[PDB]
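J.: Take this structure first; my questions come after.
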Amino acid sequence: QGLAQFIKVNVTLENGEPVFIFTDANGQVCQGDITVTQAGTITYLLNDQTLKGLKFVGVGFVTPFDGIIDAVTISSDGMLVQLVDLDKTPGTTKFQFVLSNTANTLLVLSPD
Amino acid sequence: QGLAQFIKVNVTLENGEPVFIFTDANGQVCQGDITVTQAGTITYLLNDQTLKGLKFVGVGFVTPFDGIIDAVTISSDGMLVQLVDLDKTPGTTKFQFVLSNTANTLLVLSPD
Amino acid sequence: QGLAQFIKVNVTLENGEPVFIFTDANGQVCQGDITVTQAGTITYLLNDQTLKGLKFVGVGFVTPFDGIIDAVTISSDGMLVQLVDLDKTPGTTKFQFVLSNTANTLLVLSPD
Amino acid sequence: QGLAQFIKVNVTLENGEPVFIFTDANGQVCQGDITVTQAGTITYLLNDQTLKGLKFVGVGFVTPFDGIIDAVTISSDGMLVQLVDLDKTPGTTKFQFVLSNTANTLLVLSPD
Amino acid sequence: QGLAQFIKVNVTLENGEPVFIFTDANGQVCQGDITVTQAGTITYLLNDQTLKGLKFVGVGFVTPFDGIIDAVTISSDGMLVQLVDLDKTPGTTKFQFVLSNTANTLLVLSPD
Amino acid sequence: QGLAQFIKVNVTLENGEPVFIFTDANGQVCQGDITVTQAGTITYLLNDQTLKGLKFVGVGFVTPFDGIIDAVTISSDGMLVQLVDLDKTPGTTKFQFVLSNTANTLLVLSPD
Amino acid sequence: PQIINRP
Amino acid sequence: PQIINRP
Amino acid sequence: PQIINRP
Amino acid sequence: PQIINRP
Amino acid sequence: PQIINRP
Amino acid sequence: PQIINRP
């Protein structure tokens, strides 16, 4: 039985555009990247301070079938996305948060 | 940082009606009930063997504001629901799985 | 050609939690339970006085395939759910209202 | 308490295009039109025989605020739409079924 | 490579009911009808001045399979609907805008 | 009035992972990139040959508020996304297609 | 179709 | 609530 | 509205 | 099922 | 991909 | 962000 990690996704504007600043349980800025050394979950909680009505709509992957992340879940209010990582497949994967916003109809992506 | 628990919600038909049998990581039948000793997540994975096209649509509560469970997430395919339990508020809560099915337009509830 | 019954689902808070009080056409408190002695419909209209943003998302059944209720319909604003009961199958069924709410991401269930 | 009426919306193709033929409880073709003499419901059940994957998405009105029909409900499978007509406001309203289909992304409308 | 036309769908109330007034790029009232003499798109932009919370939910057709319009797209905020017209099939087609509204649960249709 | 451009988003699997190959109206592979010299639309049509059930869910931006693209529309079947570019704001923007798939619950992103 | 109301 | 059918 | 196609 | 919290 | 605007 | 798996 495995590890439940909690990361906060703080989003601010700078120069009119979104900046993502991840925060760990301690309240320290972390880089975002996680190492998973057993079957578990990563819960990401949105702290939208952009005033732009951000909501998670999903977690996007350029290599979605590399099997590093098994599943994504999301809450009905878009404040929470969770990844299930059964940690069977070794290797690494890069992903980006996909979010809706209320100013316009384009999706927002965290940096690649 | 906390516990990621995994439970499997196997659903079968008996007398034309759904029966829910929970299974732990070791493959043992469990009662379904959990104790949370610190902040974490409970991941439930649906094993629908009713041939009725079941999908999770949510997790329902008669006392939804008792604060025991903080949030519910669900996967786009309805095979996974996760609960976030931050374990700040002590006490106990009872819930029921709410699911859609393809035979008809009524929602399915696990037993109270 | 059959009976169209109209029940109001008044929801209040008590002790921070939802209480369901059904009201009939006369404005009298009724128990909620209906007897259907011909093909018809039951229209339930939500009067949410909990300030918690309740909306019907469905009507849930522990024995969803007992065929007593044939179908459920719901309105786009979640204020109305209707049951179609063709009254072919004799017997009895228990159901619970499933509702979303704006305070959190858990579904609300009326009592079993 | 009021009338629950049931009409069947049979849809066929003729000249590659949908034709709507309404059927009453006795199995007779009807014009579609109804009179409401007291508060009630009209339930329409889709019998799609066009092989085009039709589902109700709603019931459309050119005078949607004329108050003749109070509400529209629909089933999760798109086979049923119900109108609530509380019969307070006298007058007449004309409406059209709006439906999705699986051949393409245009919505289908029954005749005005 | 083809023509991208932009029409504005201004909606007002008159006598409590919706009136649709189309406006072309020049700001002149136009009749609404378009002639397509090559593969292209028609972008319709909603200017809802009815205070009734109108949003496009689709573009409806009594002859949806006549193949004059190939596809419909819509924006997540319901302010924009676009038609793709590959202009392969000659002939003519009539359509109506289908829109949701916040006063009630009936769909709104522009005139046939 | 402006240009309606059409690009085809062919998606194949290579090394178990999606590859995006863009095709212009002449059937030539293109880089994907466009220049807009006046107000118009870019229509992208999905040719999914990955057997993975891909559908467009949106078009994602790291600088979603840069005003280069004004709006995004999408078709109900997820085969088409259109961008509206009113060409008022000069500059350049980079985006990525966001898509659902049927193998799993992670979103697919085209390369940054 | 048409709906006619007569309270 | 409970629903009772008697055809 | 009406749409007229002339390829 | 039931959930029991003990911080 | 990239989009370039030139009014 | 990146995710690294070590079973």
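J.: Looking only at region F:6-18, which residues are more than 26 Å from F:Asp85 (Cβ to Cβ) and assigned to a strand (DSSP E or B)?
T.: Once the filter is applied, which keeps residues that are more than 26 Å from F:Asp85 (Cβ to Cβ) and assigned to a strand (DSSP E or B), region F:6-18 yields F:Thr12, F:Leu13, F:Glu14, F:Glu17.
J.: Checking E:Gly2 against (1) buried (at least 18 other Cβ atoms within 10 Å of the Cβ); (2) within 16 Å of E:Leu109 (Cβ to Cβ), only one condition comes out false. Which one?
T.: Of everything listed in (1) buried (at least 18 other Cβ atoms within 10 Å of the Cβ); (2) within 16 Å of E:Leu109 (Cβ to Cβ), E:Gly2 misses just condition (2).
One line per residue, one yes/no per condition, for (1) under 29 Å from B:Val59 (Cβ atoms); (2) among the hydroxyl-bearing types (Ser, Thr, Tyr); (3) under 16 Å from the mean Cα position of the chain (by Cα):
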| position | (1), (2), (3) |
| --- | --- |
| A:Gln31 | no, no, yes |
| A:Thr50 | no, yes, no |
| A:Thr73 | yes, yes, yes |
| A:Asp85 | yes, no, yes |
| A:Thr89 | yes, yes, no |
| A:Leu99 | yes, no, yes |
| A:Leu106 | no, no, no |
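J.: Residues that are in contact with a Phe, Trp or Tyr (Cβ under 9 Å, 6 or more places away or on another chain), over 19 Å from E:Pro111 (Cβ atoms), within 7 Å of another protein chain (Cβ to nearest Cβ) and buried (at least 19 other Cβ atoms within 10 Å of the Cβ): does region D:83-94 have at least one?
T.: yes
J.: Report, ordered by the first and then the second residue, all pairs with beta carbons closer than 7 Å, sequence separation of six or more or different chains, a first member in region F:34-61 that is without any contact (Cβ under 8 Å) to a residue 24 or more places away in the chain and closer than 27 Å to F:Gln1 by Cα, and a second member that is aliphatic (A, V, I, L, M) and surrounded by fewer than 24 Cβ atoms within 10 Å (Cβ to Cβ).
T.: Hits for this filter: F:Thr35/K:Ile4.
J.: Report, by residue number, each residue of region C:43-81 that is farther than 18 Å from B:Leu99 by Cα, within 13 Å of chain D (Cβ to nearest Cβ) and either part of a strand (DSSP E or B) or touching a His at 6+ places or on another chain (Cβ under 8 Å) (or both).
T.: Correct list: C:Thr43, C:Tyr44, C:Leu45, C:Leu46, C:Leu80.
J.: Turning to a different aspect of this structure: From the residues in region C:22-32 that are without any contact (Cβ under 8 Å) to a residue 12 or more places away in the chain and more than 23 Å from D:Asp87 (Cα to Cα), which one is farthest from the other protein chains (Cβ to nearest Cβ)?
T.: Here the residue is C:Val29.
J.: Sticking with this one: Take the residues in region C:33-48 that are more than 21 Å from D:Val84 (Cβ to Cβ) and in contact with a strand residue (DSSP E or B) (Cβ under 7 Å, 6 or more places away or on another chain), then tell me which one is surrounded by the fewest Cβ atoms within 10 Å (Cβ to Cβ).
T.: Once the filter is applied, the top-ranked residue is C:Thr35.
J.: Give the residue, chosen from E:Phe65, E:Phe61, that is surrounded by fewer than 23 Cβ atoms within 10 Å (Cβ to Cβ), closer than 22 Å to D:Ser110 by Cα and among the aromatic types (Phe, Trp, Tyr).
T.: E:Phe65 is the lone residue from the list that is surrounded by fewer than 23 Cβ atoms within 10 Å (Cβ to Cβ), closer than 22 Å to D:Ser110 by Cα and among the aromatic types (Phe, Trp, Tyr).
J.: Is at least one residue of region A:28-39 among the acidic types (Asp, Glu) and part of a strand (DSSP E or B)?
T.: no
For every residue, the table says whether it meets (1) in contact with an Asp or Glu (Cβ under 7 Å, 6 or more places away or on another chain); (2) among the hydroxyl-bearing types (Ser, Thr, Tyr); (3) within 20 Å of F:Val72 (Cβ to Cβ).
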{"position": "A:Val59", "(1), (2), (3)": "no, no, yes"}
{"position": "A:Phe65", "(1), (2), (3)": "yes, no, no"}
{"position": "A:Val72", "(1), (2), (3)": "no, no, no"}
{"position": "A:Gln82", "(1), (2), (3)": "no, no, no"}
{"position": "A:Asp85", "(1), (2), (3)": "yes, no, no"}
{"position": "A:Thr92", "(1), (2), (3)": "no, yes, no"}
{"position": "A:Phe95", "(1), (2), (3)": "no, no, no"}
{"position": "A:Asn104", "(1), (2), (3)": "no, no, yes"}
{"position": "A:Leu109", "(1), (2), (3)": "no, no, yes"}
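J.: Working only within region F:9-19, note down all residues that are at the interface with another protein chain (Cβ under 9 Å from one of its Cβ atoms) and either among the aromatic types (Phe, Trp, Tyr) or buried (at least 19 other Cβ atoms within 10 Å of the Cβ) (or both).
T.: Once the filter is applied, which keeps residues that are at the interface with another protein chain (Cβ under 9 Å from one of its Cβ atoms) and either among the aromatic types (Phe, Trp, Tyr) or buried (at least 19 other Cβ atoms within 10 Å of the Cβ) (or both), region F:9-19 yields only F:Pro18.
J.: Separate question: Kindly indicate whether D:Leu54 is touching a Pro at 6+ places or on another chain (Cβ under 8 Å), of a type in the set (A, V, I, L, M, F, W, C) and under 25 Å from B:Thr105 (Cα atoms).
T.: yes
J.: Could you tell me which numbered condition B:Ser110 fails, if it satisfies all but one of (1) more than 7 Å from every other protein chain (Cβ to nearest Cβ); (2) of a type in the set (S, T, N, Q); (3) within 23 Å of A:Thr43 (Cα to Cα)?
T.: (3) is the only condition that B:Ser110 fails.
J.: Still on this structure, please answer the following. Of all residues in region B:64-112, which are in contact with a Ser or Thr (Cβ under 9 Å, 6 or more places away or on another chain) and among the β-branched types (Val, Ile, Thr)?
T.: The answer is B:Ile68, B:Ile69, B:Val72, B:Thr73, B:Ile74, B:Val81, B:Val84, B:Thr93, B:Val98, B:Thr105, B:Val108.
J.: Confirm whether E:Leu99 is in contact (Cβ under 8 Å) with a residue 24 or more places away in the chain, assigned to a strand (DSSP E or B) and surrounded by 23 or more Cβ atoms within 10 Å (Cβ to Cβ).
T.: yes
J.: Is it the case that F:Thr105 is more than 14 Å from chain E (Cβ to nearest Cβ), at negative phi, surrounded by 21 or more Cβ atoms within 10 Å (Cβ to Cβ) and not in a strand (DSSP E or B)?
T.: Yes: the conditions hold for F:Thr105.
J.: Okay, next question. Could you figure out which of (1) in contact with a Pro (Cβ under 8 Å, 6 or more places away or on another chain); (2) closer than 18 Å to B:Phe97 by Cβ isn't true of C:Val98?
T.: Checking C:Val98 against (1) in contact with a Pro (Cβ under 8 Å, 6 or more places away or on another chain); (2) closer than 18 Å to B:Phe97 by Cβ, the one that fails is (1).
Backbone-built Cβ (ideal geometry, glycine too); neighbour counts: all protein chains shown. We did not get these values from a lab; they are worked out from the coordinates using the rules stated.
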